[PDB]
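[1] Got an experimental structure here, sequence first:
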Amino acid sequence: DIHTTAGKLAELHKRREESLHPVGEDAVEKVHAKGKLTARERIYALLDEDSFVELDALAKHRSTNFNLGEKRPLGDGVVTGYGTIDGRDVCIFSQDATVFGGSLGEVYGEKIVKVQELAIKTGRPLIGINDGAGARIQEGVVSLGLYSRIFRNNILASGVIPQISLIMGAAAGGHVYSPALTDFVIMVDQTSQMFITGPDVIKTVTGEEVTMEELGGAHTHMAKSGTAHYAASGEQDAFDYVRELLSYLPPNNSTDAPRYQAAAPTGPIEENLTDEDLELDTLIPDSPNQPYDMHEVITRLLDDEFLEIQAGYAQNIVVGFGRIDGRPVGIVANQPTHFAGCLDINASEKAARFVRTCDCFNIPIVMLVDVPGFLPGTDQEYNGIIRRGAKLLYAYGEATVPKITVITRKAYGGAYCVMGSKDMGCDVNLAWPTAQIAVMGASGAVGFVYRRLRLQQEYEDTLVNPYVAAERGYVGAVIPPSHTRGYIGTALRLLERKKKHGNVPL
Amino acid sequence: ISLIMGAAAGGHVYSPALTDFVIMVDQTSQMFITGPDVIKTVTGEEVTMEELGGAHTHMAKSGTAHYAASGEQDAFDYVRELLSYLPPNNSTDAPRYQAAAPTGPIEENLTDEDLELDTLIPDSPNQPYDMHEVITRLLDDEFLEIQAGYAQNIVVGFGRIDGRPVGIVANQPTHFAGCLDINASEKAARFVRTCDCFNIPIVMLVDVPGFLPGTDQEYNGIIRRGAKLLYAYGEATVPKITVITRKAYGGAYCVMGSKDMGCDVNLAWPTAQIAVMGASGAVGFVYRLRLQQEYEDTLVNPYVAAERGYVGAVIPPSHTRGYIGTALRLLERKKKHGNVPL
Amino acid sequence: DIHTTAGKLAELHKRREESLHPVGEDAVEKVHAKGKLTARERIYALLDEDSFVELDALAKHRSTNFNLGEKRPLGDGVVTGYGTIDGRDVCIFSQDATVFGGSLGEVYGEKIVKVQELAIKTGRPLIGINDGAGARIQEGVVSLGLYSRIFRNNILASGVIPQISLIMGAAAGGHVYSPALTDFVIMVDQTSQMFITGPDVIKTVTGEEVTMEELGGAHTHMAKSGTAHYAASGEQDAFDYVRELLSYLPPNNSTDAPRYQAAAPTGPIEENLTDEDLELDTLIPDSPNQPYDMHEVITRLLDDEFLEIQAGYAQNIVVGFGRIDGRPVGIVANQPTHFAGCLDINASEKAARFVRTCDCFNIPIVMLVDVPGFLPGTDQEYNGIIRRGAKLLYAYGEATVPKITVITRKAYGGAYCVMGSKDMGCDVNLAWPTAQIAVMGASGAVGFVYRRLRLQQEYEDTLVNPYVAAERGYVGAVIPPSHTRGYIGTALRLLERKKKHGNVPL
């Protein structure tokens, strides 16, 4: 009986039950038959058990354009609310591609806005789960106004609260820009795509024939475009990566990144070397041009795992999160097995946005350095190495988080400058006995300086070493490789309490 | 400001890149990290210094040079002209020349040049026109164009309106039909952030069908790099005035100074066509040359956006100069850092 | 041809023309037949000639509820934009009672929100011209949301930019709270009303029979409710008063009130006494308790006119604007011709809000004091004199603008404290030879002090004077009445470059 208190309560229970399958129970069965989670099940999976509080569950669109009034799904195509991840509050939306293809309309947009505003207001991370076709064309330009509002909120929140975008279906059209504006883009391999304009319009306009996967899949946005930070092997893998990612980060820019329990001092660094530490002493090959795996250094410095960022992009540089002595750090490391660890356009941009992200969110930058120069090439100049390589300078000079650099081997020319040089504002500078720090390698310098294999040999035995930079104070300590972990740990402890905006090259 | 006046080789070229404006001398100056000799030995590519790092390379290919001078004196001239628009620092008003007197209603103050705007837009929505024809008629005197030989589907530069320095961001129908692409987005993004750093109002003139469709655009980073223009604009706090002269479709509408991106005053000509997408593409989803004609005559216009308040006024084109000067006076006294896409 | 540029331009001219009479030419004729101006004619009348720039002229409502979609007037019932008043920029809205009775809907509320945000962002005054029945029932709760957004913007702008409300027809329902939140309410005598609930509902609910004019006319809100600041003698007079009012005020709280040319002096104060100044020497009656009108002092201090606020309310105190030596000042003056200048609840609230407005808008406060105490009476207690009288204390103790006080005659007890005492934070304190400053009058005091006509006289003659206060430094100068103008002029020049929020009693 609708006119009684009990009847009103029972009627709410009915609307709620309907909101869980807003376009029919069969639409949910069809999602599950693909092996996929629903918009809201994605949220339950990511969030802590029983932590989700839903907002605007019973929302409905208000358009009457083109018979849209005949179908008004509860929720209007997106699920929004708040909850916890490992006990810490977050805000979240998840788009429902079963409702108008996950196309954004006005009310759907308003729901995302409320949650963006809630995250900004509370100083808490914002997780967006993206899966939708674009703007609900029937609604008209109002859809574009909500895109604008969302983009503007991503910009306002940028570097203030962590913003993570999960791409879990095809994400087409205007709103792919919101992911681009967030800090981390996590795609799911084969099951997610991101593109402005689809293959149909591309074919009609350019004659190019391309699949959605080829056009905007996880592999394309990982390896080619430099846009995806992670290409998950499945949806659960993606949620696992995001939870790991959040565990390194503070809730906002005005809060310390969370630390685990530090270890007690056991005496001098000399006397606290593990077998794994001692392995570093013999890691660098005798031959000064022989490749070695930089991850071998990384894994030996970190307490446990390395959460790598853009692992399938720009393999000449390794970037990611780990902990040293319970403290979150951002690693930036040249990889000698790719272009001999030379920098290039792509490695520069990858590393630069990473450095700025760590800086926003109070994460110390540890550089591991073995850099012969910049990758030579005509396309490098044409494609903007000067303008784009400059972004890494910019990101590093700007950073005020603790900065610690270890030169393991080469550091030559302007690349030495870029990779955590003292005079770019690095706080503590370290070098291995194998460090070679010079304007130019002996090999190319002798042609200028004595204008052959003996002059070379002279210069490199005399000047391509750690000690010239050490006597300038550009390195504060030339150290046994095994002492690296203990040094960084003491330096991180020491450093633990260190314009409208600039004009970074774009 | 960086003047490149001979061959600049090596790591110090990064200094120019970090500066706001790079002025090169054509034929007579180059910039490169690594010379042709190292390139040849490492890649086998053969290239002259001019090809590798000349003004034309850094203008047209790399998006690095803001001006390519005809000679040394021409370089100096440009740098002085550029400085005339700018304050000494971010704490100071950009300098102004005397504003004019008011002389009554807008209609009674229309010059012959103003009225020329009324007939400028072609009847065919597909026929291009040079957007410099609009810019020139809005400005007091000259236009100092920035990166004129780069990403020519967008035009960016400095002028004065009623004695006030302004930064023009305008789509160019004459190249790519005015579509945004990666290079145009980056050119205009950095320009917008430069204007905002140095207290220069941003005036957008909008005729944008969309983004340049294509495979290479996706692969080379249109989403990540196109987003820089949103970020630049959304971050700006200087006066923002946008005039849609014609097309404004889809996400490119959002990008080109949309109200909800924080534009202060939004205007449109009677030829503005503000829609999610063009009639032809829309009818396929929404519902055929009859369907299309009705969609365009019903919805592809300034008025639906006018009714949402996304445009504040649909105006005779001739009235544009007057509205802008008035809005500029109205608006004249309006984190560690963010994490723009790089 | 609507497919041509020329045809598109012609169609715009056509839409514009229709917007000037959005519900037909006949409706305009009916307005004029009453002698009233339209919404937009009120704007053209107020603003400088040819200065108006209209916004959202062609807006239409987007509601389909209850056959609403059949009537979509251009402009949605409100005229909004910006222009100038005396060459300075203002923002403005003007409600159209011919369009849905001037009732607010979503789009109408949107247009008002746009000019509020524009005023706040530009740091320019906001003028609202109010004439209408309040929320469109047909649109539903969305109209109430827009009300809320408008009220909230009024609060946000409060004390930041001058907000003036012109009430120019019958304003009924929720929205009359917006004028209340603004700084000044100007009503038109006979021809404007405001009330929350109309006479019809009041009769059905309470049985009281009342006219709209009796309920909420300009005179009612002037004399009884304390809500109207000016009761204008017609629309044009209301416009004239607002222009004058704005001439005293800066554009926002960050800007000095605008000044006219200061005079130069002809030597000392004593040597620049006009005949008008000298009249002040003989103005105070010989008989201690004989009334004199305080306007006789005010008009002789001021350069030209006195713009009086709430002239017909709480006439025991006089407040308003004038200029001294080209400088805007806010006068707060006891009126000896009403209650002998005694403070009461209504006078306290009138002066308190005026003081806080002056302080928001950088206007020096000049007090002219002749106050025997507080109006005695049981209803003064029952209706809140302790709570409401305190507000004048709060306002004054909070003020940081230049404060100058002149005691012309009486200042007794707690009312002495209230009326700009030294120890309440007054900057410069002056008194006339006729000042009587004491805990209480001689006649009440003798009862206590000597616990008889001889004792009074001894007490009066010894203690009831300017000098005991002058010796404690409570008055800085006892001065000839004629010197007052010269003294306030020098003090204003000397003083010209002089919590979340508090908890004022409400």
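    Happy to help now that I have it. Numbers count the residues shown, from 1 in each chain, chains lettered A, B, ... in the order given.

[2] With residue C:471 as the reference, measure out to the closest residue to chain C within the stretch 151-300 of chain A.
    Closest residue of the stretch 151-300 of chain A to chain C, Cβ to the nearest Cβ: residue A:152 (14.3 Å). Placement of C-beta: from N, CA and C, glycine included. Separation of residue A:152 from residue C:471 (Cβ to Cβ, to the nearest Å): 64 Å.

[3] More neighbours: these two, which one.
    residue A:152 (23 against 9; other Cβ atoms under 10 Å in any protein chain shown).

[4] rewinding a little: leaving aside the residues next to it on the chain, what's closest to the residue of the stretch 151-300 of chain A closest to chain C?
    Counting by Cβ to Cβ, 6 or more residues apart in numbering or on different chains, residue B:234 is the residue found nearest to residue A:152 once chain neighbours are left out, at 4.8 Å.

[5] Doesn't that neighbour lie inside a strand?
    No - assigned with DSSP: H, G, I helix; E, B strand; the rest coil, residue B:234 falls outside any strand and is helix.

[6] about what we covered before: please look at the residue of the stretch 151-300 of chain A closest to chain C and residue B:259 and confirm they touch.
    No - using Cβ atoms under 8 Å, residue A:152 is not in contact with residue B:259; the gap is 10.3 Å.

[7] neighbours around the residue of chain A found nearest chain C, how many?
    Nearest residue of chain A to chain C: residue A:64, at 5.3 Å (Cβ to the nearest Cβ). By the measure other Cβ under 10 Å, the count of residues near residue A:64 is 14.

[8] cool, the one 4 residues further on as well?
    A count of neighbours around residue A:68, defined by other Cβ under 10 Å, yields 16.

[9] I'd say it and residue A:137 touch.
    No - look at residue A:68 against residue A:137 with Cβ under 8 Å: they stay out of range, at 10.2 Å.

[10] how far does stretch A:26-34 sit from the chain's center?
    32 Å (Cα atoms, centre = their mean, to the nearest Å).

[11] List the contacts of it.
    Residues from elsewhere that reach stretch A:26-34 (Cβ atoms under 8 Å, 6 or more residues apart in numbering or on different chains): A:20-21, A:37-38, A:98.

[12] Now tell me what touches stretch A:263-270 from outside.
    Identification of contacts with stretch A:263-270 by Cβ under 8 Å, 6+ apart yields A:272, A:325-326, A:483, A:486-487, A:490.

[13] The same query, at a cut-off of 10 Å, please.
    With contact meaning Cβ atoms under 10 Å, 6 or more residues apart in numbering or on different chains, stretch A:263-270 is reached by A:272, A:277, A:303, A:325-326, A:479-480, A:482-487, A:489-490.

[14] which parts of it are buried?
    residue A:269 (16 or more other Cβ atoms under 10 Å in any protein chain shown).

[15] Over to stretch A:288-307?
    A:292, A:294-295, A:297-298, A:300-302, A:306-307.

[16] Pull the most distant pair out of these.
    Across the buried residues of stretch A:288-307, no pair lies farther apart than A:292 and A:307, at 22.4 Å, counting by Cβ to Cβ.

[17] residues in contact with residue A:440?
    Contact analysis of residue A:440 by Cβ under 10 Å, 6+ apart lists A:372-373, A:412-413, A:446-449, A:459, A:464, B:10.

[18] could you flag which of those residues are buried?
    When the contacts of residue A:440 are checked for burial by 16+ other Cβ under 10 Å, the buried set is A:372-373, A:412-413, A:446, A:459, A:464.

[19] from these, which is closest to chain B?
    Among those, residue A:413 lies closest to chain B (Cβ to the nearest Cβ), at 5.5 Å.

[20] and that closest one, what is it in contact with?
    The contact partners of residue A:413, taken as Cβ under 10 Å, 6+ apart, are A:371-374, A:438-441, A:444, B:10-11, B:33-34.

[21] thinking residue A:493 is in contact with residue A:262, fair?
    Yes - using Cβ atoms under 10 Å, residue A:493 is in contact with residue A:262, at 7.7 Å.

[22] overlap in contacts of the two?
    Common neighbours of residue A:493 and residue A:262 (Cβ under 10 Å, 6+ apart) are A:325, A:327.

[23] The residue most central in space within chain A bridge partners, please.
    Centre of chain A computed as the mean C-alpha position; nearest residue by Cα atoms, centre = their mean is residue A:184, 4.2 Å away. Note on residue A:184: beta-bridge partners by DSSP bridges are residue A:164.

[24] who touches it in this structure?
    Per Cβ under 10 Å, 6+ apart, neighbours of residue A:184: A:127, A:162-166, A:228-230, A:241-242, A:245-246, A:249, A:309, A:357.

[25] ok, 7 Å please
    Residue A:184 is in contact with A:164-165, A:229, A:245, counting by Cβ atoms under 7 Å, 6 or more residues apart in numbering or on different chains.

[26] Likewise for residue A:307?
    If you count contacts by Cβ under 7 Å, 6+ apart, residue A:307 has them with A:244-245, A:248, A:320-322.

[27] ok, now with 8 Å
    With contact taken as Cβ under 8 Å, 6+ apart, residue A:307 is in contact with A:241, A:244-245, A:248, A:320-322.

[28] Then residue A:40?
    A:20, A:54, A:79, A:94, A:96.

[29] Equivalent analysis for residue A:194, please.
    Going by Cβ under 8 Å, 6+ apart, residue A:194 touches A:167, A:171, A:176, A:179, A:185, A:187, A:216, A:221, A:227-228, B:223.

[30] Looking at the stretch 351-500 of chain A, which residue is nearest chain B?
    Nearest residue of the stretch 351-500 of chain A to chain B, counting by Cβ to the nearest Cβ: residue A:414, 2.4 Å away.

[31] Was I right to think that residue contacts residue A:374?
    Yes - applying Cβ under 8 Å, one finds residue A:414 in contact with residue A:374, separated by 7.2 Å.

[32] per-domain residue ranges of chain A.
    A:1-260, A:261-506 (curated CATH domains).

[33] starting at the chain centroid, how far to the first one?
    Meaning domain A:1-260. Distance of domain A:1-260 from its chain centroid, counting by Cα atoms, centre = their mean, is 18 Å.

[34] That domain: end-to-end distance?
    End-to-end distance of domain A:1-260 (Cα to Cα, to the nearest Å): 57 Å.

[35] How about the shortest one?
    Here the two ends of domain A:261-506 are set 40 Å apart, with distance taken as Cα to Cα.

[36] Who are the contact partners of residue A:315?
    A:335, A:337-338.
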